[PDB]
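Shown next as structure tokens: one chain only, the form solved without its partner chain.
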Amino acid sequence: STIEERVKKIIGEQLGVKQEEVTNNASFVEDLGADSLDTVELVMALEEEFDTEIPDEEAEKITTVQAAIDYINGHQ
């Protein structure tokens, strides 16, 4: 599996949407129906999945599937 698939699976699990809905362009709030706690636990999920802390200022930009992928990739 790849980081990309791992990220999409997590967003899927966390936002309760089927995998096909987790497109690279998809916006968590606008497109995937996320509310505040959803975006907070998603980032929390990504930190545990990849065993790494995500600083708040970087986390705030993780608003789309692609942004989540780019952050994790950029951090190894």
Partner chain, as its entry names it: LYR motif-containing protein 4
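Numbering follows the first chain given and starts at 1.
Participant: Comparing 17-25 with 61-69, which stretch shows the greater average C-alpha B-factor in the deposited entry?
Facilitator: Taking the mean B-factor of the alpha carbons in each, 17-25 is higher.
Participant: Taking the chain's C-alpha temperature factors as the reference, tell me which third residue 32 falls into: lowest, middle or highest.
Facilitator: Ranked within chain, residue 32 CA B lands in the lowest tercile.
Participant: How does residue 75 rank on Cα B-factor within its chain, lowest, middle or highest third?
Facilitator: As the PDB entry reports it, the C-alpha B-factor of residue 75 lands in the highest third of its chain.
Participant: Of the three thirds of its chain by CA temperature factor, lowest, middle or highest, which one includes residue 43?
Facilitator: Tercile = middle for this residue's CA B-factor.
In what follows, reference is made to the form deposited with its partner chain bound, a form of this protein that is not presented.
Participant: Does at least one non-hydrogen atom of residue 22 fall within 4.5 angstroms of its partner chain in the entry with it bound?
Facilitator: Although its partner chain is absent here, residue 22 would stay clear of it in the entry with it bound, with no heavy atoms inside 4.5 Å.
Participant: Going by a heavy atom distance of 4.5 Å, is residue 65 a contact of its partner chain in the entry with it bound?
Facilitator: So residue 65 does not count as contacting its partner chain.
Participant: Quick one: is residue 31 in contact with its partner chain in the entry with it bound, heavy atoms, 4.5 Å cut-off?
Facilitator: Outside the cut-off, so no.
Participant: Using 4.5 Å between non-hydrogen atoms, is residue 44 touching its partner chain in the entry with it bound?
Facilitator: Residue 44: yes, in contact with its partner chain in the entry with it bound.
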